[PDB]
Every structure is written in structure tokens, then in C-alpha cells.
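# Fold and geometry: a report
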Amino acid sequence: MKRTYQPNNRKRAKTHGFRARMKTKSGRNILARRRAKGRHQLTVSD
Amino acid sequence: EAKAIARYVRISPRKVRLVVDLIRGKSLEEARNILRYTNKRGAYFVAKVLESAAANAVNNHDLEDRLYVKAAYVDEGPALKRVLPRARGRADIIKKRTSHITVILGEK
Amino acid sequence: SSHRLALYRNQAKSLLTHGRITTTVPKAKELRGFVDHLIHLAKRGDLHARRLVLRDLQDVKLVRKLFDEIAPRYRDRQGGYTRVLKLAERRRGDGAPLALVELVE
Amino acid sequence: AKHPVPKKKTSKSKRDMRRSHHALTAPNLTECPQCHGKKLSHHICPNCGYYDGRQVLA
RNA sequence: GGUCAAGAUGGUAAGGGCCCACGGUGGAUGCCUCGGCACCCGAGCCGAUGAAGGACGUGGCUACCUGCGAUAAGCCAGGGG
RNA sequence: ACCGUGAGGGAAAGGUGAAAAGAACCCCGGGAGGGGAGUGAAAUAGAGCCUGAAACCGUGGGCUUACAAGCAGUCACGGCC
RNA sequence: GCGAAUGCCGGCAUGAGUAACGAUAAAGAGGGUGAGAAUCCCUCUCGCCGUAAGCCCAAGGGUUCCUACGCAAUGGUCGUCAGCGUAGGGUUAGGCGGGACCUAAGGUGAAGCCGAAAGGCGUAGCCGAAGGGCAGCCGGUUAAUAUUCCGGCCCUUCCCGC
RNA sequence: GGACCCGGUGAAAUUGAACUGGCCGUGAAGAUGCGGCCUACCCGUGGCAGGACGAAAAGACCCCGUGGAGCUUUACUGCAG
RNA sequence: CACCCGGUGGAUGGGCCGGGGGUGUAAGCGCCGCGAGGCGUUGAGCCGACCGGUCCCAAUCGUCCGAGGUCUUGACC
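Residues numbered from 1 in each chain as written, not as in the entry; some residues may be left out. Chains lettered and ligands numbered in written order. Part of a larger assembly, values for the part shown. Heavy atoms only, no water.

As recorded in the PDB header, X-ray crystallography is the method behind this entry, and the stated resolution is 6.76 Å.

Now the structure itself:
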């Protein structure tokens, strides 16, 4: 059926992961956004 | 005279309903074979709520036999709101309409 | 079809072994005649007869067991070598008035 | 695909009325052969074994 | 006392409609608080002597909440008790 | 908590009592749950257990129902209660 | 100050005890346990696979795995059964796989190069894999592990001495 | 193989409400509910589609808002090059 | 569902049994040919509901409900 979910450790991870977000302006942005703003955890945390 | 009961009773209030609506107001011992040898579920149950009934009395509510069921009833409540196939999109839940079960046992 | 038989089969089988089982109304009502019929063959008793009876049942032990064993205990009567008796209760959820049947004895 | 569905709140009244023709009817049972008690009109039981032959237990 | 002939009212409810009494189911409601909201006076910087924020972590006996983190419900010194 | 791969979205859910004194024991029962005793000012205050309304499902009773039309009904006259 | 906005939120009735049991690869019998078993355990007939409805390596999911207790709800019926509950316990490697080695794409990126700022590019070097490379195998052994645990047989790299 | 009878489970959109007959007439001009009339007991289950202008969706075809969005050239202007 | 006939003083199911109908002479042994087979026994064998016998089998035993005879007038015994 091929949905769109097949997760890929390697993938998903990579792609998304503390770092990256960081590395980025943007990413970083929102991130520290989320952080306070909301609490929670985060991607990679995932 | 005395009485038996029990809520949080999983079952078709309705169905149940037929149950008594039979053995209903009648000789103890007597129906005590109705539900013993009748059919549809509930029975089993129904039976039960007749024994702690006949009991309770004689025991703490007192003259055996000469007894019966001046009256018997069942109520629904608590539901069991149950989830089913998302309209293949939106949820469709039924409800095993919990089931109460009171029933009298007074002496002739 | 292939199922009607099968049944009669294993039922006919099992039974002869005990000679009175527990299947529902019908089920029994039939396993009778047949099984029954079969009997009447153990009675015939011989090359042929046996070559049939077995033909279905499939199994020396019995097959023989009955032809010799029981057969006799019956050599006299006129069919009926079975007494299909209904039963008092009923399998649950269901509510099927099962029943029991045996080789009239 | 709901071509046809009710069209007007069924009316408790009626509704039930419907559910009306329904009703039970206690097992016609009789009384023991010698088993003494009430059995399923025509059968032995956890009281019998008899009928005419002891084909049961207890 | 019987028979025919006619003539008109009643009881019987499977369930049902209204009224009454007693439950059940459901939580409106009133009053209430360890919480907000709002405005005014106080205050006003943290950071490598690796912050803010998490990670996995100890309680004798365990997920969570907590306070710390390895010298983990705490180790020193002084004031209050 | 939960749908979203992500950025992001984002709920519901408070209330026994003066304090537990939170129901030892005996009963039908596989139990849950129901019958007694005991706390008690009251437990139809009893463990999601203050107030706990309606809708909606029950159990009995009064009246009523089988040549009859309209959600409705409201005006008249009659019998049962 | 509310019927009333296909209104929002919550409950609650409808149709309705009719519609559905997720492939027409079927079963049935005897015994056993249990409060209670068409739906559990043993056993004997029977049907369906069989290129699968086989074992295996991966990826994904992570205790779901075993064992003793238990069924309130999840199991579109039961249910003493469970890939459900609680409790305890289980998966060990110089040589198998990943790293302690190598680079293409690509990504980073001291120097260098250009942006209003955030930034862009980017050498060498580095990151980067079932591509390269690398030293073992067969049997036994528990409720679960196993090329790791047993044992029998086969080896590799580093170090000190001569 | 469902459907039907049994047992176990047990939804779903739409719906003001309703005990909802035909006629020929009518009204906003294609009425079970309004008029006259004729048939007309109370309920149900297995069905058969016609009417309830049945369900789905605030017509996509239409026009109307000096609504919007895409492509076009000797439309207006303006920028990139 | 209602509807019809029967409920062991029964023939109602099945069973058996004769009878029909139906498939084309069976399983075995036999005798011919190296074999394949054939020819025989043998119109055999086997037979699902069709016509009818016989209490082998199985409709045992049991319950429940059910009338009484509403009011007036008159016509006759």
C-alpha cells in the first residue's frame, strides 16, 4: 500500500535531529521557540 | 419480604427484560426452573439474583417457599460507549447498555 | 456434498467405537440410517460387504471389529440397530438441542 | 450510500408498539419420570438417567 | 316454568395514550477552594568559576512528582529555632 | 494524554465527612455485587461516595383503548377515581 | 433573561434487538481441567497450504519472549485461552555484525572567494555505506539466549624476552 | 453464499412532532394534515418499489457581489534582464 | 407463522423387506495369449426420494387452558 510513514531510523533521525535544527537559523528558531513557549521535548528526542 | 439486585451488570438491559417479564411475579421454586431450564443468557444471571434474594430473606429478612416475586425490574445506566470503524473516517461507537437488576422476593 | 459424507464418515467411525455419541438432533437423526445402513452390511458379512463398509470407514481394526464383533449381536433383527435419543440440554452461545444416539442394546 | 433512511423521528409510542408483538414463553417442561422434579418435556437429566434405560450419570 | 322471534347496553388489552408514586441513567445547578485574571508599588540581569534548558539517574522495598547527582531526600560553616 | 513526518495543534477531569471512625464478622455468589450487624446527627453522606434538576429507560396503581383522525387541541355534556 | 444560528460543548434517544463478524482453505468425535468451556489441554478421524499459509538475513516495533498466578475491560460471542493483568526470570563473543581503517556523490569545511545583516560558495583534511577491507567451524546445553554458554577442532593483531 | 427461523454481540447519516388511506377539487398554482365524499378494526415479521417533492451536498449549469484565483495579445502601468 | 395427517390400542419417520428405475455383468476363481488384454461365471454389481408389506429404531410418560348459559319485549307449549 505504501502510506508515507515507513520510518527510517537512519532517516527521520538524520533528516531531523537536535543538531540540524540547531545548525540552522530557522530550525534553531522555533526550537528555542517550542522550548519555553511550550515545554515538551522535541524531534530527535523522537 | 426481601430483594435481590446488582448494577454494573454487563448485558442487554432489554434482553434481560424479557428474562423476568417471565418468571416474573410468580412462585419462587417455580420459575426457579423457568430460568433453570429456559434459554437466552441473562437467565444464568437472572437466576443468581434470585438466590441471594431467596437467601437475604429467610436469612435476615425471613417463611421460606411461601415466597415468590411480588415484583421484578431492570434498569439501564451506565453505558459502555464503544468505538467502532471510523465511518472509515469518523467514529461510530455503540453501547453495551450496562444493566441494573432488582427483583422482589416476598412471602405468599 | 463432500462434507455431508465426511461427517457420516468420522461420525459413523467414532460411533461404532463407542456405540452412542453426542451430536445435535439431525446430525444424529442421520448418522443413524447411514451408520445404521452400514451395520446391515456388517450383517451381510463378507468379501464384498466388508469391501464396502470399509470403503467408507477406512480402517481394519474396526471395519472388522464391527463386522465380526457387533454385527452378530444384531444378526436377527431388522434395521434400527440404532436408537436415536434426543437430549435435554443445548450447546451454549448456540442453543442447539444436541442429542445422543446409540446402537439399540 | 444511504438511499433510504427513516424520515420522521420514529415515535417511542409506536416504536415500542413495534417491539410490542414480541414476548417470551416459559419452557413447556413437565415433571420427572421417576426422577421427581421438572425436566425438559421428553428427556432425562442431571436428575434422571432414566426414561426407561439408565443412559446417563449423576 | 322451557322454547323460538326480536331489541339494546357490559366485562375482557398484546402493547398503547394521558395522570400518580418509587428507582435508574445523566449531570445541569447553588454554594465553595489549595488557581487564574487585572491594575498598582517592589525588583530587574544569567553565561564558561560551561547559563537557560534537557539526558540517564539515588530513596532499604518501585513507574510518576520532587530536591539533588555520586561525596545524588543530601556533605561543611555561621545566624534563627 | 491525543492527531501531525514536521513546523504545529492541544484536551478533558475539582468538591464524602467533624474526623475515616473508610465498614471486622455472618449471609447468596466464580467474583463483582447484593442481605444483615457496626460507626453514625443522616449513609436514598458510602468510596469518583455534597447539591445531585431535565432528556431518557424501568416497576406498580387510577383512568382509558379494537366500525377509529390529528401534533394539536380547545368550548359543551356525560361516567369512573 | 434565550426553541431558535446545518451554532458551540455535554449527555440522550432513533433506525433496531433488524445491518455486520474483516476472505466459501469446512470440520467431527473421545477423554481432561474448570464456578462455568462450539471457541482451552491431550488424543483419534477429516480439510487447506506446500513456492507457500517454509525456515533464514535484514528493516521497522521495542519486552511483545518464557514461567506462576488472574480475567474487570481490549479479544468485533464465549473463554478457565492471549501476542490482556500483576510478579519473577531470560538474551554474554579476540575471531558474526557497527566502530576503534578508506574515500565517489553528497555534507562539512582553518586558508581563499563574493552578501545590507542573517549568509553564499569551498581547497586540503575530516564525516559518509550490506561499495572496499578484515582473524573460525560443528555438535551439545535451559522456561527463554546462542557463529557468544559447554566442549571438541581452527586461527589473528599487539607487547616483552631471547 | 447471504437473505429467513435460534442463540451471543450489537452501529451507523436523516429526522420540529406526529395515532400519516384513495378520491375529485383546491392553496403559492403536482397535498396523508384544508372541503365534499368513499372505503376504513388493533398490531406485526418475509417482500415489492411508487409517494412522503425521500437521504448525500447551503447546484458545479444559471445570473447577481464596481467577490477571487490561473493563462493570453497592439489592454494599463511598472520591474526584471 | 399459521395449514394437513399421524402420536407405540401406532405404520408417522427411519430400518428392513418385495416391488419397480437406474447404471451395463462387479469383487473372486476360472479357463486362451510371453504381455497388453479376452472369454466365463454374470444382463453381474450397486443401487438417492417411486409402489406397498413387517412394530428392528424412534413418536413414553406428562401439562395447560377451557362453558355456562347479559338486559327488555312478546309468540307458542
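Turning our eyes to something else, we now look at the interface of chain D and chain B. Tallying the contact residues gives eleven residues for chain D and nine residues for chain B. Summed over both partners, the interface of chain D with chain B buries about 870 Å², with 66% contributed by carbon and sulfur atoms. Looking only at chain D, the three residues that lose the most surface to chain B are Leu24(D), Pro27(D) and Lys38(D), adding up to 49% of its buried area. Linking chain D to chain B there are zero salt bridges. For the interface between chain D and chain B, the tally reads two residue pairs in polar contact. (Contact = heavy atoms within 4.5 Å. Buried area = accessible area lost by both parts, 1.4 Å probe. Salt bridge = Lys/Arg side-chain N within 4 Å of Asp/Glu carboxyl O. Polar contact = N/O pair within 3.5 Å; in protein donor to acceptor, adjacent residues only side chain to side chain.)

Our focus in this paragraph is the sheet that holds strand β3 (residues 100-102) of chain C. All names here are of chain C. With antiparallel pairing, the three strands of this open sheet are ordered in space as β1-β3-β2. Both edges of this open sheet fall to β1 (20-22) and β2 (83-85), since each of them pairs with a single strand only. Along the sheet, successive strands turn relative to each other by an average axial angle of 15°, direction set aside. (Pairing = 2+ DSSP bridges. Helix = DSSP H or I, 4+ residues; strand = E, 2+ residues; numbered from the N terminus. Axes fitted to C-alpha atoms, helices over the stretch in contact; angles between N-to-C directions.)

In the vicinity of RNA strand F, 31 residues are found, and the nearest of them are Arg17(B), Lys48(B), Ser52(B), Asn56(B) and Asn59(B). Looking at RNA strand F alone, sugar and phosphate atoms form 73% of those within 4 Å of the protein. In the environment of RNA strand F, a sugar or linking oxygen lies 2.3 Å from a nitrogen or oxygen atom belonging to the side chain of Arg12(A). The side chain of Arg34(A) places a nitrogen or oxygen atom 2.5 Å from a phosphate oxygen of RNA strand F. Elements with a minimum of two residues in the surface near RNA strand F: α2 (28-38) of chain A together with β1 (2-4), α3 (43-61) and β2 (72-73) of chain B. A per-element tally of the surface near RNA strand F places α3(B) first, with nine residues. Within the surface near RNA strand F, the residues separate by chemical class into eleven nonpolar, eight polar and twelve charged. (Near = heavy atom within 4 Å. Nonpolar A, V, L, I, M, F, W, Y, C, P; charged D, E, K, R; others polar.)

Ranked by contact count, the leading pair among the three pairs of chains in contact consists of chains B and D. Between chain A and chain B there is no contact, and the shortest C-alpha to C-alpha separation is 16 Å. What separates chain A from chain C at the closest point of their C-alpha atoms is a distance of 38 Å, and the two make no contact.

Now for the sheet that holds β2(B). Residues and elements named next belong to chain B. One open sheet holds the three strands; their spatial order is β1-β3-β2, and the pairing between them is antiparallel. Every interior strand has two partners, whereas the edge strands, β1 and β2, have only one. With three bridges joining them, β1 and strand β3 (residues 102-105) adopt antiparallel strand pairing. Across the sheet, the residue bridging to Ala-2 is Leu-105, located in β3.

Here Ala12(C) lies in helix α1 (residues 2-18). Taking the C-alpha atoms as reference points, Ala12(C) and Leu38(C), 26 residues apart in sequence, are found 8.6 Å from one another.

Let's shift gears to unusual backbone geometry. Of note in this structure, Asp65(B) is not a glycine but carries a positive phi near 25°. Its location among the elements puts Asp65(B) in the loop between α3 and β2.

Right, let's get into the side chain of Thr82(C). Residue and element names in this part refer to chain C. Secondary-structure assignment places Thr-82 in the loop between α4 (61-68) and β2. In this structure the side chain of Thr-82 is engaged in a polar contact, spanning 3.4 Å, whose partner is the side chain of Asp-36. Excluding residues within four positions of it along the chain, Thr-82 makes contact with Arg-32, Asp-36, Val-101, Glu-102, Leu-103 and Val-104.

Attention now moves to a nonpolar patch on the surface. Residues and elements named next belong to chain B. Among the surface-exposed residues, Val-83, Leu-84, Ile-93 and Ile-94 lie close enough to one another that they form a single nonpolar patch of about 350 Å² accessible area. For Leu-84, the position within the fold is in the loop between β2 and β3. On the basis of relative accessible area, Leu-84 is assigned to the partly exposed category, the value being 43%. (Patch = residues over 30% accessible without salt bridge, like charges linked within 9 Å, V, L, I, M, F, W, Y side chains within 5 Å. Areas by Shrake-Rupley, 256 points an atom, 1.4 Å probe, with all protein chains shown as cover. Buried < 20%, exposed > 50% of the residue type's maximum accessible area, 1.4 Å probe, protein only.)

Should the sulfur atoms of two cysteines be covalently bonded, the bond is a disulfide. Residue and element names in this part refer to chain D. Enumeration according to the criterion identifies one disulfide over all chains in this entry. In this model, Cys-35 is linked to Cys-48 through a disulfide, with the two sulfur atoms separated by 2.0 Å. Looking along the S-S bond of the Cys-35-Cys-48 disulfide, the torsion reads about 110°, which is the right-handed sense. With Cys-35 in the segment after α1 (13-18) and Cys-48 in the segment after α1, this pair connects stretches of sequence that are 13 residues apart. Accessibility expressed as a relative area gives 17% for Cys-35, which makes it buried. (Disulfide = S-S within 2.5 Å.)

On to the nonpolar core. By size, the foremost hydrophobic cluster in this structure holds 24 residues, and its most contacted members are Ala12(C), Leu16(C), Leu38(C), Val53(C), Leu66(C) and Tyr74(C). The element best represented in this core is helix α2 (residues 25-44) of chain C, accounting for seven residues. Not counting chain neighbours up to four residues away, the residues in contact with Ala12(C) comprise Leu7(C), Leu31(C), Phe34(C), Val35(C), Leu38(C) and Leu57(C). Judged by nonpolar contacts, the second largest core, of 23 residues, contains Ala4(B), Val19(B), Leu22(B) and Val46(B). (Core = buried A, V, L, I, M, F, W, Y, C linked by side-chain atoms within 4.5 Å.)

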